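The block underneath contains the structure these notes are about, expressed in structure tokens.
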Amino acid sequence: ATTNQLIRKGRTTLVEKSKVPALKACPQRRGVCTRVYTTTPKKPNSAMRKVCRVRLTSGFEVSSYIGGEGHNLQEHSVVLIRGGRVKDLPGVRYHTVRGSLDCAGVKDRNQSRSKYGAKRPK
Amino acid sequence: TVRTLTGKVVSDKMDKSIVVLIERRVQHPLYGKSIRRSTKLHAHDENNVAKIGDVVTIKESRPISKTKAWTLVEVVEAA
Amino acid sequence: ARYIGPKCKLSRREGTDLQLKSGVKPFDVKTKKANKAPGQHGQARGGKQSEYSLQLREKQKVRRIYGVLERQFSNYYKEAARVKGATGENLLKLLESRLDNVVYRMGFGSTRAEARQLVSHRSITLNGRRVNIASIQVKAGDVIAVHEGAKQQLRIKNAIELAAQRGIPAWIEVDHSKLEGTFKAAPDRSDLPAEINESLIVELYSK
Amino acid sequence: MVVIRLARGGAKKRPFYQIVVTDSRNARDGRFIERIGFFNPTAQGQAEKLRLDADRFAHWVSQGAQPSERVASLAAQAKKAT
Amino acid sequence: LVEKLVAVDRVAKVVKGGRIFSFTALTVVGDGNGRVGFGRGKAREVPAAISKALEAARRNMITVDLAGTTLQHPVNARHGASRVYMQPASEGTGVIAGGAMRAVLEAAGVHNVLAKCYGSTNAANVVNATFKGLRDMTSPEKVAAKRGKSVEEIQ
Amino acid sequence: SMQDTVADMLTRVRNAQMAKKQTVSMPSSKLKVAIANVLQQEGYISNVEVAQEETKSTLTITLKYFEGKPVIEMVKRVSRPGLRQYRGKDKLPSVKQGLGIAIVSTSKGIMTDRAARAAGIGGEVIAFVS
RNA sequence: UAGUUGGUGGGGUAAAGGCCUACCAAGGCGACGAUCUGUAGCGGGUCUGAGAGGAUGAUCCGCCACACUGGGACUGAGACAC
RNA sequence: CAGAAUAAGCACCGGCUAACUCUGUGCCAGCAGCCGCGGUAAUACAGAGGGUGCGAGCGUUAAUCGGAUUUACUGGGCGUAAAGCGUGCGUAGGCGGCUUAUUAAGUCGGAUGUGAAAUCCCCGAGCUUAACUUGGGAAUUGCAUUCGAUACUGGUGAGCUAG
Ligand SMILES: NCCC[C@H](N)CC(=O)NCCC[C@H](N)CC(=O)NCCC[C@H](N)CC(=O)N[C@@H]1[C@H](O)[C@@H](OC(N)=O)[C@@H](CO)O[C@H]1NC1=N[C@@H]2C(=O)NC[C@@H](O)[C@H]2N1
């Protein structure tokens, strides 16, 4: 570009879209579990992974992964969700916080307890 | 001791008033190239001596009307 | 917080004597496990390391001898970088100016931990007043004495006797009879051991 | 009216006053016309306790500025000291 | 003579019934007082490739006129799609550069320098660019000689 | 059309040096002669001549080669008609950490950046030579 | 854009002024973005960056605006007044 | 004065990136920032031992700048990677040959006024140290007025012929 072209029309900056639109620039969001179910991974992965469709206070309905082994969730549960992708699951962009509102911490876990929300053993 | 400007008349239709175009040359803040800017000032000219195309000098004054706050000093060059 | 626990594994991991014990018994007879890392997968000294590993291992060795944690050590580095001069020697001077280390080098404590406990328990007076902060920076021409109640301590007597075996620094003039001393100037780089390399530390903190 | 008074700064339990000439309607620690000294009621060691610019003080008093009681006492004490 | 190993890579060649694998090594040798060179080596196994690269490095060497322990002037250099910028620094700065530049500069004997890569960061190309920049750097004595003047006139 | 005769002169010198010519010729002007005189004083070129046929005027420059390479290694036009560059006395550019010259047009005539700093004036930065 | 742009007589204000009014003229603004529309309190400053730039305008200081939502005036040196 | 008496947790150990093994399970349960792990000997899943990094904290999520020369003024490109309008003419605009006189708008220099305080930086001072508070400087790269310079660009007058 020439100097005159730059003066007539400057440079253009393209805005970056957020990868967590449903949070709406908040660290976490509260939602009501609409449907808890299991899904299969995209190739080359095979499993039965636990996910829940949740309606958020932001007015959006999304899908959130349930981490750890063993969960007590069901329909009409109230959960807290944070950001975070699951990679091999198409369209799962959020995670459910363990042990926050109605979700419970994982059982018989003694390492990385702050994640999955397990208290200290006696 | 009074701020003054020199410009060229681009209108004399109004009664006792002229429109003089002031031109300045400044550097572009980012790209550095020297550019030219223009401003149009309404001025008071009591005796309608100024015409279209002359080069005049105008000094700041108290408001005379809604848009005029400058007054003619002299005609430097005539068309 | 100050580290509490085993010192011998800390010395073994860095691979050198960290002066963490009194010194009545040498390091080899004290530990018998030198040249071995504390882990079961512990190996010999010849194990190769990355540059990041070497820089980190040098900084940890420097921290462990003086008993300084990461936040305070990073603040020390940031001050040394701001002060005009050689950054590494500035950091070494700041580390050697702490009140606990001056008390230890004056021979009032058999270890730097003993010196720290003595300073903290208000047993040391700086310029005539009783202080209890180990990180106080000692300046030129200062006076460090032992408090009256602190005197007549067998730990202090053993400390001065053990220090007599070591060589009293040049920048410290200490009267052991009156349990008093004067910090005269900051030690120079030549006075400190040459095994300590500070270019790695400067690179690690300046990346 | 124009007053000469003390604006508070410093830390909690350790006040440090600037001696300011200001309109009395302004907030205590806000807009002021001119600062002409300071006062430190807890100065220790080498710290200065009171500095007042007598020339500016007299100039502003001659134009109708009214010092507060504390500032008048400080001005008298400073004149006595010097 | 200090020797640094910049990079080692495993490469493949396809034949009927499989692939033939080999190794390539890039090395930089220097004396730390203004003499430095670089080379590459290819072999079926890593140590032979390293030895061949070192031999090539010793064969391909140049002389660099340092100003103390830093550069004489800012240098811009390029080889292919790799561009490098180097700048003199005051004492105590260190070598603020990427690994590929760092090996060449340390082998040449530069102690304080600020450097930057633009474009591709391929190791061999970056080494080539730094090598060219150091080779083409000039000095006040040479400048005065070529202009027919004195170094005090040059300033 | 040609709209930068100074850039034309610098390009002619650059191409002649790259082609290893002994002399280079161009149409002459007072600004070009002033720049060539500064180059000759600083020692990048050997001789400057001006010849006149009638109204036409020709400028001839004798080039210098030391060892194998040309003496002028880099010559860059800085100010151009599309973008004029002016610098104050405190922001005059330095070429190759003072080993090169920046040609500056000041109100006291054309000089190097060193002379401009000594005189405490600024001006228009014409070219960098090294 | 038609009180719109300028002028004259008069009114009005603490004070210049289409601020208002009656006439006279057809002017005034706009590709250097008028009009319309979306968003937004502004600055000293704060964060980041080698720099140039980018983001931001809590706590402290200055200015502005608002006081359930709109339209007004009274008293007073001062308000169209939490 | 009494007596060690009242006072350690969190993340991680495939590469990026400091820190490795054994059991349990077998493309399941699960992990995952990216590349990827798990289909009977998993240093990558869970537990244990050991170790590493921090420490009254340790991790995760969200957000801004950086790395990004990835809007390139400093500082990028357009034969084949994304990118020359199908081709001309021409309006606004941008730029424009040589010589000379003059002007002083751009450009450069000096002086004066202003650029609130706080904040940033420097040397000190007081807090047992530090945070913090504070004295004085430096800085505020700007703006305005006025006085100068005339090489270059612009304006004006005159002249020329290589476009
Ligand atoms: N390329 C393959 C050509 C195949 C092609 N089909 C041929 C064809 O079709 N017709 C024939 C036409 C031939 C043509 N007329 C001649 C020609 O190509 N002139 C130009 C090439 C010059 C010469 N030949 C190559 C050369 O000097 N290299 C060196 C070399 O690699 C190495 O130095 C040594 N000493 O080892 C390195 C430093 O380590 O510096 C390089 N120098 C550079 N690197 C830089 C770079 O890239 N950019 C910018 C500048 O800075 C460059 N200088």
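Proteins get letters first, then strands, A, B, ... in listed order; numbering begins at 1 in each.
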Are both defining distances between [N] and [M] under 3.5 Å, such that they form a Watson-Crick or G-U wobble pair?
{"N": "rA11(H)", "M": "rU156(H)", "answer": "no"}
{"N": "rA5(H)", "M": "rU102(H)", "answer": "no"}
{"N": "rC10(H)", "M": "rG53(H)", "answer": "yes"}
{"N": "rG50(H)", "M": "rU146(H)", "answer": "no"}
{"N": "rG66(H)", "M": "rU141(H)", "answer": "no"}
{"N": "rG137(H)", "M": "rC121(H)", "answer": "yes"}

Decide if the gap between the ring center of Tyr17(D) and the ring center of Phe38(D) is smaller than 6.0 angstrom.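 Judged by ring-centre distance (under 6.0 Å), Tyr17(D) and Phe38(D) do not meet the cut-off.
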Those residues that, when tested against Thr38(A), pass side-chain contact (heavy atoms from CB on, under 4.5 Å) (two or more places apart):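 Scan of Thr38(A) (side-chain contact (heavy atoms from CB on, under 4.5 Å), adjacent residues dropped) gives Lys50(A).
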Any side-chain donor-acceptor pair under 3.5 Å between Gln3(F) and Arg80(F)?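 No, because no side-chain N or O of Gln3(F) sits under 3.5 Å from a partner of the opposite role on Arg80(F).
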Conformer about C1'-N of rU74(H) - syn within 90° of 0, anti elsewhere: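 For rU74(H), whose glycosidic angle is more than 90° from 0, the conformation is anti.
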Every protein N/O lying under 3.5 Å from an N/O of nucleotides 47-54 of chain G:
none

In 5'-to-3' order, the base (B), backbone-only (S) or no-contact (-) status of each nucleotide in nucleotides 111-127 of chain H, using a 4.0 angstrom heavy-atom cut-off, is -----------SS-SSS
Base, backbone or nothing for each nucleotide of nucleotides 14-27 of chain G, written B, S, -, heavy atoms under 4.0 angstrom, 5' to 3'? --BSSS-------S
Between [options], which nucleotide has the shortest distance from any of its atoms to the side chain of [X]?
{"X": "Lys30(F)", "options": "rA62(H), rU107(H), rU99(H)", "value": "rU99(H)"}
{"X": "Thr12(A)", "options": "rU61(H), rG136(H), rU71(H)", "value": "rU71(H)"}
{"X": "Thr13(A)", "options": "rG30(H), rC29(G), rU71(H)", "value": "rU71(H)"}
{"X": "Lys116(E)", "options": "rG67(H), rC73(H), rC20(H)", "value": "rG67(H)"}
{"X": "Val19(B)", "options": "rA72(H), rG28(G), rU128(H)", "value": "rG28(G)"}

Sugar pucker assignment (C1'-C2'-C3'-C4' positive north, negative south) for [N]:
{"N": "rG75(H)", "value": "south"}
{"N": "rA25(G)", "value": "north"}
{"N": "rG57(G)", "value": "south"}

May I ask you to decide whether [X] forms a salt bridge with [Y], counting only side-chain N to carboxylate O separations under 4.0 Å?
{"X": "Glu53(F)", "Y": "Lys56(F)", "value": "no"}
{"X": "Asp4(F)", "Y": "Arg77(F)", "value": "yes"}
{"X": "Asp23(D)", "Y": "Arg31(D)", "value": "no"}
{"X": "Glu60(B)", "Y": "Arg3(B)", "value": "no"}

Base, sugar-phosphate alone, or nothing: which one does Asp29(D) contact when heavy atoms must sit under 4.0 Å apart?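 Touches sugar-phosphate only.
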For RNA chain G, list all stems, counting runs of three or more consecutive pairs where every pair is Watson-Crick or G-U wobble with both distances under 3.5 Å.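 Stem list for RNA chain G: G:4-11 with G:19-26, G:41-44 with G:60-63, G:45-48 with G:53-56.
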So, is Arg29(A) close to the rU61(H) phosphate, meaning a side-chain N or O under 4.0 Å from OP1 or OP2?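 For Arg29(A), the contact criterion (side-chain N or O under 4.0 Å from OP1 or OP2 of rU61(H)) is not met.
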Examine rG106(H): is either OP1 or OP2 under 4.0 Å from a nitrogen or oxygen in the side chain of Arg24(B)? Give yes or no.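 No.
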On which side of the base pairs, major groove or minor groove, is a side-chain atom of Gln111(A) found under 5.0 Å from a groove atom?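 Major groove (side-chain heavy atom under 5.0 Å from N7, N6, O6, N4 or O4).
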G-U wobble or Watson-Crick pairing nucleotide for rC34(H) (cut-off 3.5 Å, both distances):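 Check on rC34(H): paired to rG15(H), both distances under 3.5 Å.
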Identify, between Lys9(C) and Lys33(B), the residue whose nearest nucleotide on RNA chain H lies closer to the 5' end.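 Its nearest nucleotide being more 5', the pick is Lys9(C).
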Quick test of your reading: applying side chain to side chain donor-acceptor pair (under 3.5 Å), list the pairs with at least one residue in residues 36-45 of chain B, sequence neighbours left out, ordered by first then second residue.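 Those involving residues 36-45 of chain B are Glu23(B)-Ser38(B), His42(B)-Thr67(B), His44(B)-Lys68(B).
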